[PDB]
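Chemist: 3D, please:
(chains A, B, C and D, ligands or ions: 27)
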Amino acid sequence: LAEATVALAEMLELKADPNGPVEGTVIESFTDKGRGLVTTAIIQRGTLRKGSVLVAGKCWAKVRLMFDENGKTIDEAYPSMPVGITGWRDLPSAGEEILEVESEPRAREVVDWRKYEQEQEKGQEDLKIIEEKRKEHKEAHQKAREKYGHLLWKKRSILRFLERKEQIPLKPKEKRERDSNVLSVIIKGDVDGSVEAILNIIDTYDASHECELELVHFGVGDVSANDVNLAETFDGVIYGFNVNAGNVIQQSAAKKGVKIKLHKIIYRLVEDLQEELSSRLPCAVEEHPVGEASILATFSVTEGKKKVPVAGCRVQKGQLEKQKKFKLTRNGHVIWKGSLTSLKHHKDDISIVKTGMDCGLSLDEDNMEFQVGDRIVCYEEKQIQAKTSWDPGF
Amino acid sequence: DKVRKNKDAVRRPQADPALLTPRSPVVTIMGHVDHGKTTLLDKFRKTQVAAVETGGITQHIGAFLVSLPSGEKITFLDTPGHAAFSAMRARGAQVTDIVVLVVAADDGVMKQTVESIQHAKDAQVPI
Amino acid sequence: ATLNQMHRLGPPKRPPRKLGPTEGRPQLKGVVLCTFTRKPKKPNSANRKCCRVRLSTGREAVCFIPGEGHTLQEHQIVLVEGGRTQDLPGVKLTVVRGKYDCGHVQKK
RNA sequence: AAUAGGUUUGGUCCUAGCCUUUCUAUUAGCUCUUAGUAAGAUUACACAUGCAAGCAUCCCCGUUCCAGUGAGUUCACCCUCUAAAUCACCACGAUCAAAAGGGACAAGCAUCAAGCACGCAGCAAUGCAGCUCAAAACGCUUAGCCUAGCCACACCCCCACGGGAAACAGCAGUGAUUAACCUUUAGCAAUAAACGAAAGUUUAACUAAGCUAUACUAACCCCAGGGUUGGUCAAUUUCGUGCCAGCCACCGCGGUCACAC
Ligand SMILES: Nc1nc2c(ncn2[C@@H]2O[C@H](COP(=O)(O)OP(=O)(O)OP(=O)(O)O)[C@@H](O)[C@H]2O)c(=O)[nH]1
Ligand SMILES: *C(=O)[C@H](CCSC)NC=O
Ligand SMILES: [K+]
Ligand SMILES: [K+]
Ligand SMILES: [K+]
Ligand SMILES: [K+]
Ligand SMILES: [K+]
Ligand SMILES: [K+]
Ligand SMILES: [K+]
Ligand SMILES: [Mg+2]
Ligand SMILES: [Mg+2]
Ligand SMILES: [Mg+2]
Ligand SMILES: [Mg+2]
Ligand SMILES: [Mg+2]
Ligand SMILES: [Mg+2]
Ligand SMILES: [Mg+2]
Ligand SMILES: [Mg+2]
Ligand SMILES: [Mg+2]
Ligand SMILES: [Mg+2]
Ligand SMILES: [Mg+2]
Ligand SMILES: [Mg+2]
Ligand SMILES: [Mg+2]
Ligand SMILES: [Mg+2]
Ligand SMILES: [Mg+2]
Ligand SMILES: [Mg+2]
Ligand SMILES: [Mg+2]
Ligand SMILES: [Mg+2]
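Modeler: Numbers count the residues shown, from 1 in each chain, chains lettered A, B, ... in the order given. Ligands and ions are numbered 1, 2, ... in the order given. Below is the structure:
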């Protein structure tokens, strides 16, 4: 395999100019506490040396240190060489091309022109959204104005005063309560590529109806006070991926009630993400039929000066229990859902009537009409832990 | 014409034939989970990193400048095989010159082996 | 007052100048929480775009977005500054256009 | 608050507050040609790496200096006395200067009003019952200051046997954090310091460079932008909108003729 790889490379006839402004690509980008913002990159054209000014997307740098996989400083990075680069004034995205520029003011000029272009593209997108909000409002305004003619505004407020005397609106609280089924997550990762992987997994969420997943903030590096403050602000959960949280940060989270969930494996961090979503979900009640009894005769009993309709029923299959909930069935239709007010058999109250036992049934709802042939199906309701429908593909 | 002047830095035009000097190849080890990508890389790196991992899963893309016994130097990009790291595999295929597809004989082609092949076709890199 | 009374008291003590919502600071960084509207007090009538943001100090105040139209959503980062909005009582903070997520008002 | 101005009312006068015009320093937005000079983390939070104290015929000396920061905070000033130190040395006196003694010395709150042993005499034993304070005692909070500079700190527990525990508040640089963001240069050639009898050696002190509209000075054939335009307050054509959208430091504008958007 080593021979085959060498043979094919020679057939490819790979060649790159080793002089001139350096070109490259970022393979990884991460934050080091001592060395700062560091990007692992591969050179593609030119030779990189200390003091080279580099631009990569919206981040520029002046090469401060060049190191290899083992950390030993390298003086030059010829084409097709792996090289960690320090000196970045902002963290480049992974996969971003690297270009060398004449000077730092030129680098800042190049970055200022890339940021502006990004702001114009966002501005054009925002314009369509704003034009939609502003078109809807202008219709509601023209409609309410044209409700009356183009009369003197004093009259329109007076004519509206007639319909303002009929108006009583309620103002909704400016700050509204986040619903229980809403999971806010802060994603912190060791490297930028690891964070993008978790963010693509959070973009495969399709169960928004049952519960909503909100991404408050994402970043690279260890958990920080801002992450704890952002989690406390939105009642979110911090998920760390190959990152650490110090005692000061962990203690602050305890006081603020934030939950830091440091992981080291991506299938572990997704399983835990699904466990928190499941908790938010509503408890799925499980209805188990307990018994069934058909009504026969309807009686009107006078107790306490109140006429109580009593449904005489014969238990056919199963048994009926006072605690277990009931429902009324009419020729297949479901008429009622509730619990009996009084279960009384042969002038004696019996909690559990067995199969074939006669029992008079009175409901708490007086509007329920009892016929000769109605059916009643008793059932037991048990809440069951509901698991998130969202599957991440692994 | 009150529009911001273009001040972007663009890639230099393709190098002249005279300037072009031979360079080392960039290779990427692509494949499916637990098909031996890291173990194969370790034998040529002459260092064992598979045991020194959390779960024995590669979750990062690392470029190592290996020096072959003949005296050639090759750069190995060890890509992750898990389904989550689809973006890492595409980025590796865009900076590589050759793709070493590790298809385990016992299991054969898998979901991520086809994905690795697709990334190579888009990048148009010999496999 | 007499000279003896002026000697006992002493130089007038200027009340400690009170701080505003910016805590005596030019600007502040905050996270957007909500995006509502408020009505001016008589005699002005309009719906003014405002937003409740939590500042870096820890407090949670109401800010006013100037300009025609905006696309500010929950979790975004905005730079606030001082300046009371005369129509709106209790609104003392203004969002800085062209900084962080908030963008300049598109022309026309 | 000034050579003042604007704004209470149906209207006048008086009083009074808010604001405006002036000058700086941060930061933000949009914008930016050069040259020379000065200045240059938000944070007493945490720090990868490298350098920062040597000299010298062995002892000694020095590294207790410079450099840094601003947590804390009436040790900084004068007088008295008097060590160490320099003047090669004994001696002399001068100079410099600590400790000790006396005096002086920030701001706010009195809704901090009483403190609680804070005094005297006497050789001593011991005796007496005092001492401070509404001319602010005691106390709480805040803050480096009175700038040829000084004081204070030197990871924390005032201290540093001891313990926690494993220290850039040295230069450069980083992470976090903040509205706040300087190079991981060179050289000891000048000055200063240290050592040496000395030639001399050393020094991230310093010097000379680098980055940056923070500021000043000067200039430029080409190359100008920013904010204003109802009044205060210098200065608007025509459309569009129609109490909507939006605007203003203050008074205020906009309801189909808008010098205010
Ligand atoms: N028997 C046998 N086991 C092998 C061989 N190659 C690899 N393995 C085993 O396969 C397992 C996975 O090896 P890894 O090197 O982690 O494989 P990978 O494809 O790089 O894994 P990911 O990075 O998670 O995609 C380990 O337990 C290896 O010992 C082989 O040729 N024979
Ligand atoms: C009432 O007493 C009940 C009525 C049954 S009608 C078939 N019977 C026994 O309790
Ligand atoms: K594995
Ligand atoms: K009005
Ligand atoms: K101080
Ligand atoms: K101390
Ligand atoms: K010298
Ligand atoms: K010596
Ligand atoms: K008009
Ligand atoms: Mg692997
Ligand atoms: Mg006003
Ligand atoms: Mg009037
Ligand atoms: Mg007045
Ligand atoms: Mg000093
Ligand atoms: Mg003496
Ligand atoms: Mg003294
Ligand atoms: Mg009180
Ligand atoms: Mg202080
Ligand atoms: Mg100490
Ligand atoms: Mg320190
Ligand atoms: Mg430093
Ligand atoms: Mg930093
Ligand atoms: Mg600055
Ligand atoms: Mg040197
Ligand atoms: Mg300089
Ligand atoms: Mg500016
Ligand atoms: Mg106008």
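Chemist: alpha carbons only for contacts and neighbour counts from here, please
Modeler: Will do.
Chemist: sec struct for residue B:75, please.
Modeler: strand (DSSP: H, G, I helix; E, B strand; the rest coil).
Chemist: how many neighbouring residues does it have?
Modeler: 22 (other Cα atoms under 10 Å in any protein chain shown).
Chemist: what of residue A:243?
Modeler: Residues within reach of residue A:243, counting by other Cα under 10 Å, total 17.
Chemist: quickly find the element holding it.
Modeler: For residue A:243, there is no host helix or strand (DSSP states H and E).
Chemist: how about it, what does it touch?
Modeler: Counting by Cα atoms under 8 Å, 6 or more residues apart in numbering or on different chains, residue A:243 makes contact with A:188-190, A:221-223, A:262-264.
Chemist: skipping adjacent residues, who's closest to residue 50 in space?
Modeler: Because you didn't say which chain, this covers chain A. residue A:63 (5.1 Å; Cα to Cα, 6 or more residues apart in numbering or on different chains).
Chemist: look at chain C instead
Modeler: The shortest distance from residue C:50 to any non-neighbouring residue, by Cα to Cα, 6+ apart, is to residue C:64 (4.2 Å).
Chemist: how near is the one you found to residue A:174?
Modeler: From residue C:64 over to residue A:174 the distance is 14 Å, taken as Cα to Cα, to the nearest Å.
Chemist: look at those two and report which has more neighbours.
Modeler: Legend: neighbour count by other Cα under 10 Å for residue C:64 and residue A:174, higher for residue C:64 (26 against 13).
Chemist: what residues are up against that one?
Modeler: Contact partners of residue C:64, counting by Cα under 8 Å, 6+ apart, are C:48-51, C:85, C:91, C:93-95.
Chemist: can you map out the strands along chain C?
Modeler: C:27-32, C:36-38, C:48-55, C:60-64, C:77-82, C:93-95 (DSSP state E).
Chemist: tell me which of these is the most buried.
Modeler: Comparing the strands of chain C by mean neighbour count (mean count of other Cα atoms under 10 Å in any protein chain shown), strand C:93-95 comes out on top with a mean of 23.
Chemist: packing partners for that one?
Modeler: Packing partners of strand C:93-95 (3 or more Cα pairs under 8 Å, 6 or more residues apart in numbering or on different chains; DSSP states H and E): strand C:60-64, strand C:77-82.
Chemist: can I get the longest one in CSV, CA atoms only?
Modeler: Okay, so that is strand C:77-82. Taking Å, rounded to 0.1, in the frame of the first residue of the first chain, the C-alpha atoms of strand C:77-82 are listed here in CSV:
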residue,chain,number,x,y,z
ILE,C,77,-26.3,40.2,20.3
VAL,C,78,-26.7,43.9,20.2
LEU,C,79,-24.8,46.9,21.4
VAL,C,80,-26.9,49.4,23.4
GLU,C,81,-26.2,53.0,24.2
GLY,C,82,-27.8,55.8,26.1
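Chemist: contacts only, for the residue lying closest to residue B:67 once chain neighbours are set aside.
Modeler: Taking Cα to Cα, 6+ apart, and ignoring the residues beside it in sequence, residue B:67 has residue B:73 as its nearest neighbour in space, at 4.2 Å. Residues in contact with residue B:73 (Cα under 8 Å, 6+ apart) are B:24-25, B:65-67.
Chemist: from ligand 3, how far out is residue B:73?
Modeler: Per Cα to the ion, to the nearest Å, residue B:73 is found 28 Å from ligand 3.
Chemist: right, and residue A:237 touches residue A:257 too?
Modeler: No: in terms of Cα atoms under 8 Å, residue A:237 does not count as a neighbour of residue A:257; the distance is 9.7 Å.
Chemist: more crowded one of these two?
Modeler: Using other Cα under 10 Å, the more surrounded residue of residue A:237 and residue A:257 is residue A:237, with 25 against 15.
Chemist: what's the nearest residue to the more buried one if we skip its chain neighbours?
Modeler: Closest to residue A:237 by Cα to Cα, 6+ apart is residue A:185, at 4.8 Å.
Chemist: with just CA atoms, put stretch A:111-123 into CSV.
Modeler: The C-alpha trace of stretch A:111-123 is given here as CSV (Å, rounded to 0.1, in the frame of the first residue of the first chain):
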residue,chain,number,x,y,z
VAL,A,111,-11.2,41.8,6.3
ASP,A,112,-13.3,45.0,6.4
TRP,A,113,-14.4,44.4,2.8
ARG,A,114,-15.4,40.8,3.6
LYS,A,115,-17.4,41.8,6.6
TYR,A,116,-19.1,44.5,4.6
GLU,A,117,-20.1,42.0,1.9
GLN,A,118,-21.5,39.7,4.6
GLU,A,119,-23.5,42.6,6.0
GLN,A,120,-25.0,43.4,2.6
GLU,A,121,-26.0,39.8,2.0
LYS,A,122,-27.7,39.7,5.4
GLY,A,123,-29.2,43.1,4.7
